[PDB]
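Residue numbers (this note's numbering), protein chains in the order written: chain A, 18 to 649; chain B, 4 to 323; chain C, 6 to 81; chain D, 6 to 81; chain E, 6 to 81.
A short write-up of the structure that comes next.
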Amino acid sequence: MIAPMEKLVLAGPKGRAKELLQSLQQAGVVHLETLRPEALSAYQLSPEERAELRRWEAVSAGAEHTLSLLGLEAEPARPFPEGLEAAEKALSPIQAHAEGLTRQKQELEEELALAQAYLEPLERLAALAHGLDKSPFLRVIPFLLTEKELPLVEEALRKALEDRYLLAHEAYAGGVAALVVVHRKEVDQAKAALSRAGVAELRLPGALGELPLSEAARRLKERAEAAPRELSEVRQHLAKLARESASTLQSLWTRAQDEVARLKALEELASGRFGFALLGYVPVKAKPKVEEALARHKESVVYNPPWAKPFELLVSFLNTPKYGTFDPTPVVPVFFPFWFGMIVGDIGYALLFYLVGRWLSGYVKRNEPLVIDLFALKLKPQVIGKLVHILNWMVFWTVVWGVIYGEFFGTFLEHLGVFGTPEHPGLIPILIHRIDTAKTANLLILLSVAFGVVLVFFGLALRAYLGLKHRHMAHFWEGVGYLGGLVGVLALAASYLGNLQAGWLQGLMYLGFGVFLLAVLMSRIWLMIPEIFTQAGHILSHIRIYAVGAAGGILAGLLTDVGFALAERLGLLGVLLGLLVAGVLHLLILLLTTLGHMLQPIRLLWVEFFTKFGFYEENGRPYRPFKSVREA
Amino acid sequence: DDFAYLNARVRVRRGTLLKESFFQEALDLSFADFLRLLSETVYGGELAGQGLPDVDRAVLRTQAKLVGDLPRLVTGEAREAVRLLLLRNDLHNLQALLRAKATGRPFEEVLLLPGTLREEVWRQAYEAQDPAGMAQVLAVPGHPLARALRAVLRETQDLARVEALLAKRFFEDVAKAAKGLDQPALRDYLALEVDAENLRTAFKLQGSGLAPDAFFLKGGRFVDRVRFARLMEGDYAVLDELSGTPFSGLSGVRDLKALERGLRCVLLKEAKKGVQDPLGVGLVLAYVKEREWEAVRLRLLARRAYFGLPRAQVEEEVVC
Amino acid sequence: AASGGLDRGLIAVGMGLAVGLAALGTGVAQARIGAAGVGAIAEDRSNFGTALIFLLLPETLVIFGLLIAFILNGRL
Amino acid sequence: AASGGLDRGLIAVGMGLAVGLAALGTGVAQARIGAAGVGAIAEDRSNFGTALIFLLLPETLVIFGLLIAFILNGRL
Amino acid sequence: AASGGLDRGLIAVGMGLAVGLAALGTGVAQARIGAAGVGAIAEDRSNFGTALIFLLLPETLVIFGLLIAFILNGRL
Numbered sequence: 018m019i020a021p022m023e024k025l026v027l028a029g030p031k032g033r034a035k036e037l038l039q040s041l042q043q044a045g046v047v048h049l050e051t052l053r054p055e056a057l058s059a060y061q062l063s064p065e066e067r068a069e070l071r072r073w074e075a076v077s078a079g080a081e082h083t084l085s086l087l088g089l090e091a092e093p094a095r096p097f098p099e100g101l102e103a104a105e106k107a108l109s110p111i112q113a114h115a116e117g118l119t120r121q122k123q124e125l126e127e128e129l130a131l132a133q134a135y136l137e138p139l140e141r142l143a144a145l146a147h148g149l150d151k152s153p154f155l156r157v158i159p160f161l162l163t164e165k166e167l168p169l170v171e172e173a174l175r176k177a178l179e180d181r182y183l184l185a186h187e188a189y190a191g192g193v194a195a196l197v198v199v200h201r202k203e204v205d206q207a208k209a210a211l212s213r214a215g216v217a218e219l220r221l222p223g224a225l226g227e228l229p230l231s232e233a234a235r236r237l238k239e240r241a242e243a244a245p246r247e248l249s250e251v252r253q254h255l256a257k258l259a260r261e262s263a264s265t266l267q268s269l270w271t272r273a274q275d276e277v278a279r280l281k282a283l284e285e286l287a288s289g290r291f292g293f294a295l296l297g298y299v300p301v302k303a304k305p306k307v308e309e310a311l312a313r314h315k316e317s318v319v320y321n322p323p324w325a326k327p328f329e330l331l332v333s334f335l336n337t338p339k340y341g342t343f344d345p346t347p348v349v350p351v352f353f354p355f356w357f358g359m360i361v362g363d364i365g366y367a368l369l370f371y372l373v374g375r376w377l378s379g380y381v382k383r384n385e386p387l388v389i390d391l392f393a394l395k396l397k398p399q400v401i402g403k404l405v406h407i408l409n410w411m412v413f414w415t416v417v418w419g420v421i422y423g424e425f426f427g428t429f430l431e432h433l434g435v436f437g438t439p440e441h442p443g444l445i446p447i448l449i450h451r452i453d454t455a456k457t458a459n460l461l462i463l464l465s466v467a468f469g470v471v472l473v474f475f476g477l478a479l480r481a482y483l484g485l486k487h488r489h490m491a492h493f494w495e496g497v498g499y500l501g502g503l504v505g506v507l508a509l510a511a512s513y514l515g516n517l518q519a520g521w522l523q524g525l526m527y528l529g530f531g532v533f534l535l536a537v538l539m540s541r542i543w544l545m546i547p548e549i550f551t552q553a554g555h556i557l558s559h560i561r562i563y564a565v566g567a568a569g570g571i572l573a574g575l576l577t578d579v580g581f582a583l584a585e586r587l588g589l590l591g592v593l594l595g596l597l598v599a600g601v602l603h604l605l606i607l608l609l610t611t612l613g614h615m616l617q618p619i620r621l622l623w624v625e626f627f628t629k630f631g632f633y634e635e636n637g638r639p640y641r642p643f644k645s646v647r648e649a
Numbered sequence: 004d005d006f007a008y009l010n011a012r013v014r015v016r017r018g019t020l021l022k023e024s025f026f027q028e029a030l031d032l033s034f035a036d037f038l039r040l041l042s043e044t045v046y047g048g049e050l051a052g053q054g055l056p057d058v059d060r061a062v063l064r065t066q067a068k069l070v071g072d073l074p075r076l077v078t079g080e081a082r083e084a085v086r087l088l089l090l091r092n093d094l095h096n097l098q099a100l101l102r103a104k105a106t107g108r109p110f111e112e113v114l115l116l117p118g119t120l121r122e123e124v125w126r127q128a129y130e131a132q133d134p135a136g137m138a139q140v141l142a143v144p145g146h147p148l149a150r151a152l153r154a155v156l157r158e159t160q161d162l163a164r165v166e167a168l169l170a171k172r173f174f175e176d177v178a179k180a181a182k183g184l185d186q187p188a189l190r191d192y193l194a195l196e197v198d199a200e201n202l203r204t205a206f207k208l209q210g211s212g213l214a215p216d217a218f219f220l221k222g223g224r225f226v227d228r229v230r231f232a233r234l235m236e237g238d239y240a241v242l243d244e245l246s247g248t249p250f251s252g253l254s255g256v257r258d259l260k261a262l263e264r265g266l267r268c269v270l271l272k273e274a275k276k277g278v279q280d281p282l283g284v285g286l287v288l289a290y291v292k293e294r295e296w297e298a299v300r301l302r303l304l305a306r307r308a309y310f311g312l313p314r315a316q317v318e319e320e321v322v323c
Numbered sequence: 006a007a008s009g010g011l012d013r014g015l016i017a018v019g020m021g022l023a024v025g026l027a028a029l030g031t032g033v034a035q036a037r038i039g040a041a042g043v044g045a046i047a048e049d050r051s052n053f054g055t056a057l058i059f060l061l062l063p064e065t066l067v068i069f070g071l072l073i074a075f076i077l078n079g080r081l
Numbered sequence: 006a007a008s009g010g011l012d013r014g015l016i017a018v019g020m021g022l023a024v025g026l027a028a029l030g031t032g033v034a035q036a037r038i039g040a041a042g043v044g045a046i047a048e049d050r051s052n053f054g055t056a057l058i059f060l061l062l063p064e065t066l067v068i069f070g071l072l073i074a075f076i077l078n079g080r081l
Numbered sequence: 006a007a008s009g010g011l012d013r014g015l016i017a018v019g020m021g022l023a024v025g026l027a028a029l030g031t032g033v034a035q036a037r038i039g040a041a042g043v044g045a046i047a048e049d050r051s052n053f054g055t056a057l058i059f060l061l062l063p064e065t066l067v068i069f070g071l072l073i074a075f076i077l078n079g080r081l
């Protein structure tokens, strides 16, 4: 137990090292570093201190362990004090009760199990045996054999014994409990004969077995009978202990735990001051003032909605400095339109996604493991479930928004906004699709295609800021220079992009535009220039992902159309209810698969994320993957 | 191809066992009786008369004729893989030759297990004086260990250190080499060996707790340099933190002998996975391991029987 | 229906090649990658995403077929 | 029934092509994974529900065939 | 239904094709998946109800053929 103060633990980036350092130091807080290389070599904890820590571990662990056997738990909170002695003492009686009873319960189950099982064979043998292991004049060898065994066992026995033995059996079920009876002196041959056959003298293993067959049989009735009842008591006490003491167990546990970490924190700083993070021991007087602010970069242990919620989490990754260009934070608002807009469905697609959203944001007990959804109950990881309760609401809003993207989308089908097509039909709106037919369809084709290009433009802007402002000249040279090519790209594109609408606002413009491209790739020299080919490949990919996100999207709406509306023959009316045979079915299948579509937004994003357009990852590289960053 | 043949050849081969009950008898079998029991079994086919050196010799030959035959077959992907296993023990043998070579100890007393390279390679290597020359000999037919030995030899010609740094380096070569297949099971068992070797080495070296990595062989998958280090610092709590890891029978163990037993069981449980593994190397691999496991018990029990040594003396160690 | 236009036929043929080839390709792509996985499922319910993540990239191909089919429609 | 024009003639074929082809794709996809799958059951009956779910996605090919076979007949 | 016009010859050929192609795929599927299993079975007798269910999945392909063929002929 150190000199008075509550230890505080923080770790973070280089920027937070400083902000943090200042915040602890001025008040009258002690033993602070990084603030010198190791004057905590003159704060090396005593062996005694290490010992106290050691004790705390026994207690900490003991609580956990005991909680386990008991069959209940506790979970980590915010540290608190009690005194070690109180906690140890607290831990001890209960651990002793729970532990004793847990064993007893186990034994009881076993007693029951064996005794019932053994009850029948011992009884069969006993009934036959009319007492003979009682006798030494006759010796009896019980053994069980199936009737599979009986002619063979009989031949082996017969061969050794002749007729100087009694082989009798009364059945046990699927075989017969058997006795070979022999005279004294015949015993040795008698065991060997059964053994040769592969059978052998059978009774229960250990002390109970030795007892007369008759006696063993009695015991088996008794143990089998006794044990469940007895089990109830042992189990009851245990259950009772868990029930009452759980809070307590946890409080000791938490208390102890907070010490185990706390003590360790002291030891390491003592020892060798770490680096970009920040240690200290902070007094009772000092302790709140430093903690309230935190500047969003570290990790501690003390002692409208659609736009904000995941967006709030990207804010934390903005704050870390470790390089010379802007931190990676744009992603959540880049995601959102498409996230909502993936669902751009019709009658069965977008407009049915609702059922799920109120179930998940709300609570649904309909499910075999899901009960109250706030409580994350799952056949899959529970822990994982709790965190994205926040998400259930943001997803519910997504479900609401996707429904909206059903009526704007449905403009170019039915509705009103840019087209005039009936504001609402009479039978099944979206009987068939305007979009299935080419002109409407075509506009949607061109629509995705542009969007992949847009994500590329954002990336190279970032690229030039990166190499510029990080002074990665090779990269700077790359982000500006690569843009040199583009005018010529537009040139060629136009004669196919409007076909008749364009193609000739530019031409052999490419011949000089291509030169502009390569100029500074060549200025750095770069003994590996051809490699720019791959930068071009991404563009086609960006397009493809959006295109698929759309097309698979469209396909989704069209299954409600061949699943409820029109398809069969040339397309007919009664297909409506012929398909209803199918109709209930298509809905659920559809639901499962569209989840696959939303991983494509992210697939698109993944193209951009590791392509060094304001990023720290580059197949690793000190910083946590982006994988972990975006999820909630 | 030819693991159609191999698993099948193995399927027949797996029968010549000396059952668990063999060993149970042996606890209760005197040496003569132990010997009698052996002579009636497949080891008995290499046993002439009675006597321990003969039992052990019988073991070598028994393993040899059913497994040792196999390295000459090297042709399948699998055969090469099997070659790696044998190479490792043999790598020991090679070390035995190297060390023998260094101390004026003659070539002649270093038995080798069935070798990929023949007697004459070993002889030449021994006979090829310079540490480079010895290493160069082993390379003549090809031997990733030759080159590795050389790789280590490039910096100095200090035999013992070369052997030590080589063993780490070789198991490092092996890590790539085993990866260079695929036929996972050998790879898996080996991975457990990496972890096991780390545990025992840290164990051997514990209380030293120096710069751990010189003794930490890499390829830990549930073990790491620090866990190794901690154990080497004397912190036994590592095994208690290496629980729920694949190695559960080591939990709370504080002796190397029992440690080796638990490890053997864990790894054995892994070896046992192969029983009808196709090109997947498990059926042959497991089979080699069976012969191994049998051999361990036989030799142990042979002595037990020989000296009349307790049942309790063998009791931990002839079961897993 | 009935006697198809000479034009309708040229596109109608090619309509099939896109759906069949991509569909076949996706199933097989998923199958080998799918084959490697199984010990992990057992081991870690949480890690499960990796084998799964693997499957998603091939998924683009079939969808591509639908897009070209879409432009053709009303000529077919 | 009876005679058919060029659309009908083209579709009549494809109703068959569809049913045969999907089955073939399903089988190949199944062969690699299916071979892989079994050891896990032996070990774990518990995971078996997961396994029961596990095999399923390539199998989708067959079902598409029945709807399309249905659709073709009637332009046939 | 027996001899007739232009449509019918086309369905009659393809009716067979439906059956033949699916049969090859099912067989291939059984060969790899089937091969792994027996050792697992050797150990796990336990699996036997499961074993009746496990093998069962590629085989659906054949059933798919009988409806399309029957409905085609043996129903036309």
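Here a beta-carbon is modelled for each residue, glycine too, at the ideal position from N, C-alpha and C.
Can you list the residues of chain E that residue i reaches, using a CB-CB cut of under 7 angstroms?
i        : result
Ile-58/D : In chain order: nothing, as chain E lies at least about 12 angstroms away.
Return the first residue and the last residue of the alpha helix (DSSP H) that residue i is part of.
i         : result
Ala-6/C   : That residue, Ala-6/C, is in no alpha helix (DSSP H); it is neither H nor E in DSSP.
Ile-606/A : 597-610
In the DSSP assignment, find the beta strand (DSSP E) that holds residue i and state where it starts and stops.
i         : result
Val-197/A : 193-200
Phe-160/A : 155-162
Run down chain A in chain order and give the residues with a C-beta less than 8 angstroms from the C-beta of residue i.
i        : result
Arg-80/D : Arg-586 and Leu-587
Please compile the residues from chain E whose C-beta is within a distance smaller than 9 angstroms of the C-beta of residue i.
i        : result
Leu-22/D : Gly-19, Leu-22, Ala-23 and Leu-26
Applying a beta-carbon distance threshold of less than 7 angstroms, which residues of chain B neighbour residue i?
i        : result
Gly-39/E : Going along chain B, no residue has its Cβ under 7 angstroms from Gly-39/E, so there is no contact; the nearest lies around 12 angstroms.
Give me the chain C residues within the contact set of residue i, using Cβ-Cβ distance strictly less than 9 angstroms, ordered along the chain.
i        : result
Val-67/D : Those within 9 angstroms of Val-67/D in chain C number zero; the least Cβ separation is about 11 angstroms.
Closest to residue i by CA distance: which of the options is it?
i           : options                                       : result
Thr-457/A   : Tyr-499/A, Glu-431/A and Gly-600/A            : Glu-431/A
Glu-166/B   : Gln-27/B, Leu-101/B, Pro-313/B and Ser-251/B  : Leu-101/B
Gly-45/A    : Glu-171/A, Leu-221/A and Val-307/A            : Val-307/A
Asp-49/E    : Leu-304/B, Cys-323/B, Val-124/B and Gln-279/B : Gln-279/B
residue 8/A : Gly-10/C, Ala-56/C and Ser-51/C               : Residue coverage of chain A in this structure runs from 18 to 649, which leaves residue 8/A outside it and unanswerable.
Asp-198/B   : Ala-178/B, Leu-152/B and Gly-210/B            : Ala-178/B
Starting from residue i, find everything on chain E with Cβ-Cβ shorter than 8 angstroms and list it in chain order.
i             : result
residue 117/D : Nothing in the structure corresponds to residue 117/D, since chain D is present only between 6 and 81.
- Message: In chain order, what are the residue ranges of uninterrupted alpha helix (DSSP H) at least 4 long that sit wholly in the stretch 31-105 of chain B?
- Response: Under the rule that a run must span 4 or more residues, the alpha helix (DSSP H) segments found entirely inside the stretch 31-105 of chain B read 34-42 and 55-66.
- Could you tell me whether the stretch 16-36 of chain C touches the stretch 57-64 of chain B, using the rule of 3 or more Cβ pairs below 8 angstroms? Counting Cβ pairs under 8 angstroms, fewer than three are found: no touch.
- Query: Three or more C-beta pairs closer than 8 angstroms, one from the stretch 64-72 of chain D and one from the stretch 26-34 of chain D: is that the case here?
  - Reply: Look at the beta carbons and you see the stretch 64-72 of chain D touching the stretch 26-34 of chain D: at least three pairs across the two are nearer than 8 angstroms.
- Message: Extract the residue ranges of the beta strand (DSSP E) inside the stretch 299-363 of chain A, only unbroken runs of 3 or more that lie entirely within it.
- Response: Counting only runs of 3 or more, we get 316-318.
- Item | Three CB pairs or more closer than 8 angstroms across the stretch 124-144 of chain A and the stretch 219-239 of chain A | Counting Cβ pairs under 8 angstroms, three or more are found: they touch.
- Query: Counting Cβ pairs closer than 8 angstroms, one from the stretch 21-35 of chain B and one from the stretch 363-380 of chain A, do we hit at least three?
  - Reply: Fewer than three beta-carbon pairs drawn from the stretch 21-35 of chain B and the stretch 363-380 of chain A are found closer than 8 angstroms, and the two stretches are therefore not classed as touching.
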